[PDB]
Amino acid sequence: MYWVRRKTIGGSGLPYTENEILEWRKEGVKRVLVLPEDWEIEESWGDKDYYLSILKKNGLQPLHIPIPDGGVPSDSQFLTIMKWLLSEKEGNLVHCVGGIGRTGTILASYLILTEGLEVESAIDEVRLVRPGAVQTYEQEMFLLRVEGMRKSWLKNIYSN
């Protein structure tokens, strides 16, 4: 894995073994935002529920918000993601399959919202620790929209 903001938020690809999950725990991960789709998880773990149970067995709290490869969260997914990541701010890991496109987009969007970074600066901050982070046109357009809508996103995230 890689930390974008040390011990607060980081990223990874999809683990294939429990050893990798143990290493997340050793690094200080406490909570995992699982972005792959069921079919991607099932290839490596048989069943999505089994995979989440292995995360829980290892003392990690998971949330499954499936995003297709090359894609972006829907608005409801994004609200749910940001409430999750800001609910308990320390020890958050986000992962997709490669840890580059989908995860990089979520991590960049987190920096835009929390720190007020411009899009290019947020992408660059993730790329310091994850080369190539944020891969597709759709992901770039999503970040543009999030930046432009920062105030309204924060209002909705911190409501209730």
Side-chain angles (χ1 to χ4, degrees), residues 1-115 122-123 125-136 138-139 142-143 146 153 156-160:
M1 71 164 284
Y2 54 87
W3 290 108
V4 175
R5 295 289 181 257
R6 263 184 61 78
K7 310 301 235 220
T8 294
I9 200 166
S12 180
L14 173 65
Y16 296 168
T17 65
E18 198 167 351
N19 307 57
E20 291 180 72
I21 297 166
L22 191 71
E23 186 56 49
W24 293 348
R25 196 182 190 174
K26 286 174 248 140
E27 280 270 4
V29 174
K30 304 292 201 233
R31 310 171 84 229
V32 182
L33 176 60
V34 178
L35 305 178
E37 298 188 278
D38 277 1
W39 74 263
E40 292 169 318
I41 298 166
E42 290 160 359
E43 201 195 336
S44 289
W45 291 92
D47 173 78
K48 180 271 296 301
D49 303 318
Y50 178 69
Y51 174 57
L52 303 186
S53 83
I54 296 294
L55 298 178
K56 292 174 190 160
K57 192 177 71 72
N58 281 274
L60 305 176
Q61 303 274 160
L63 184 68
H64 188 205
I65 305 292
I67 300 178
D69 174 299
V72 301
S74 70
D75 282 359
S76 175
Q77 287 182 321
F78 188 54
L79 185 63
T80 302
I81 285 171
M82 288 299 308
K83 287 174 172 291
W84 169 265
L85 291 172
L86 294 171
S87 97
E88 301 236 279
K89 284 182 171 233
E90 301 287 348
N92 286 285
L93 181 68
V94 179
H95 83 80
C96 58
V97 174
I100 305 175
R102 284 170 280 185
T103 292
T105 300
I106 296 304
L107 295 171
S109 76
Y110 178 99
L111 296 180
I112 292 168
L113 291 182
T114 62
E115 297 178 6
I123 296 173
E125 285 289 295
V126 183
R127 287 183 178 166
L128 288 175
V129 293
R130 175 58 267 183
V134 188
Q135 287 177 306
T136 70
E138 291 76 9
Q139 289 165 350
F142 169 79
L143 295 176
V146 172
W153 275 115
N156 292 332
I157 292 161
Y158 284 105
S159 291
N160 304 136

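The chain is numbered in sequence order, starting from 1. Below, each value reflects all heavy atoms present in this structure, side chains not excepted, and no hydrogens, waters or symmetry copies.
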Atom CG of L52 and atom CG of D47: how far apart are they, to the nearest 0.5 Å?
8.5 Å
Would a line drawn from the ring center of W153 to the ring center of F78 be shorter than 6.0 Å?
yes
Going from CD1 on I100 to OG1 on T136, what distance comes out if it is rounded to the nearest 0.5 angstrom?
12.5 Å
Rounded distance (nearest 0.5 Å) linking atom CD of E20 with atom OH of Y16
8.5 Å
Do side-chain atoms of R130 reach the backbone of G101 as a donor and acceptor pair under 3.5 angstrom?
no
Side-chain contact test, heavy atoms from C-beta onward, threshold under 4.5 Å: evaluate it for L107 versus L111 and give yes or no.
no
Rounded to the nearest 0.5 Å, the CE atom of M1 sits from the CD atom of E23 at a distance of 9.5 Å
Checking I106, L79, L35 against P73 for side chain to side chain contact (heavy atoms under 4.5 Å, CB included), the one that qualifies is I106
Start with the C-alpha distance between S109 and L143, add both sets of side-chain angles, then the distance that settles side-chain contact (heavy atoms from CB on, under 4.5 Å), and finish with yes or no.
CA-CA 6 Å; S109 76; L143 295 176; 3.8 Å; yes
Are the side chain of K48 and the backbone of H64 linked by a donor-acceptor contact shorter than 3.5 Å?
no
Any side-chain heavy-atom pair from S12 and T103 closer than 4.5 angstrom?
no
Residues forming a salt bridge (charged side-chain N to carboxylate O under 4.0 Å, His left out) with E37, sequence neighbours excluded:
none
Nearest-0.5 Å distance, CH2 of residue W45 to CD of residue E40
15.0 Å
Nearest heavy atoms of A133 and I123, plus distance in Å
O-CG2, 3.8 Å
Under the criterion side-chain contact (heavy atoms from CB on, under 4.5 Å), I'd like the reasoning laid out for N92 against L33: C-alpha separation, chi angles, the key distance, then a yes or no.
CA-CA 8 Å; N92 286 285; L33 176 60; over 6 Å; no
In terms of side-chain heavy atoms, does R25 have a donor or acceptor partner in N58 at a distance below 3.5 Å?
no
The criterion is side-chain hydrogen bond (donor to acceptor under 3.5 Å, both in side chains); which residues satisfy it with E88, sequence neighbours excluded?
none
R5 meets the salt bridge (charged side-chain N to carboxylate O under 4.0 Å, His left out) criterion, sequence neighbours left out, with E115, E125
Cut-off 3.5 Å, side chains only: do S87 and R31 have a donor facing an acceptor?
yes
Any pair with a residue in residues 68-82 that passes side chain to side chain donor-acceptor pair (under 3.5 Å), sequence neighbours left out, goes on the list, sorted by first then second residue, please.
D75-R145
Smallest separation among heavy atoms of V126 and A108, with atom names:
CG2-N, 3.8 Å
Check side-chain hydrogen bond (donor to acceptor under 3.5 Å, both in side chains) between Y2 and all other residues, then give those that pass, not counting sequence neighbours.
none
When you look at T114 and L86, which way does the side-chain contact (heavy atoms from CB on, under 4.5 Å) test go after all the steps?
CA-CA 9 Å; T114 62; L86 294 171; 3.9 Å; yes
Step by step, would you call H95 with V34 a side-chain contact (heavy atoms from CB on, under 4.5 Å)?
CA-CA 6 Å; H95 83 80; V34 178; 3.8 Å; yes
Looking at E42, I want to see if its CD is surrounded by more than 12 non-hydrogen atoms of other residues, nucleotides or ligands under 6.0 Å.
yes
Partners of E90 by salt bridge (charged side-chain N to carboxylate O under 4.0 Å, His left out), sequence neighbours excluded?
none
In Å, rounded to the nearest 0.5 Å, how long is the span from NZ of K30 to CH2 of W24?
14.5 Å
So, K89 side chain and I9 main chain: donor-acceptor pair closer than 3.5 Å or not?
no
Are any of the side-chain heavy atoms of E18 and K57 separated by less than 4.5 Å?
yes
Given side chains that start at C-beta, do those of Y110 and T105 come closer than 4.5 Å, heavy atoms only?
no
Side-chain heavy-atom pair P62, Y51 within 4.5 angstrom cut-off
no
